[PDB]
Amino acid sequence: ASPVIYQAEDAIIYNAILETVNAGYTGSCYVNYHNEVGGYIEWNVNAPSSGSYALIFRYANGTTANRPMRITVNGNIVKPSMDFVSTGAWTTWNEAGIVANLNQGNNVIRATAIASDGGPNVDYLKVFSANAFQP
């Protein structure tokens, strides 16, 4: 199966907004976190079969400082501190990814901002099967 893109507009967001300010996003918009601890973006992600999947965030970080996020799958912490390092400009969009085990059906995937400047700007979450890799 082709990778599935979970667009910004389809997320459940908390202390974050959907905006269009910085060029280079895809689809209708991207998420801009409030500049505070604890904002999050959450998607309901389908897994056709149980197994290992790549979860890739397309993101921008126009500050020099890492904007780490806590990644949970169904509330389970799979990455306590996932790095979202500077991309240099707010219009430069890079990828940051992890491999995680998902269950057949829905998986609740959340990225929560750890530090006080909030999370990176997030364009989408891209999900594809990565059975060759093992979390």
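Sequential numbering from 1, following the sequence displayed.
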In the PDB record, does 100 to 108 or 38 to 46 carry the higher mean Cα temperature factor? 100 to 108
Look over 48 to 56 and 63 to 71 in the entry and identify the one with the greater average Cα temperature factor. 48 to 56
Looking at 85, 82, 29, 77, which has the biggest Cα B factor in the entry? 77
Grab the CA temperature factor for residue 19 from the record and place it in the lowest, middle or highest third of its chain. lowest
Compare the C-alpha B factor of residue 9 with those of the other modelled residues in its chain, then answer lowest, middle or highest third. highest
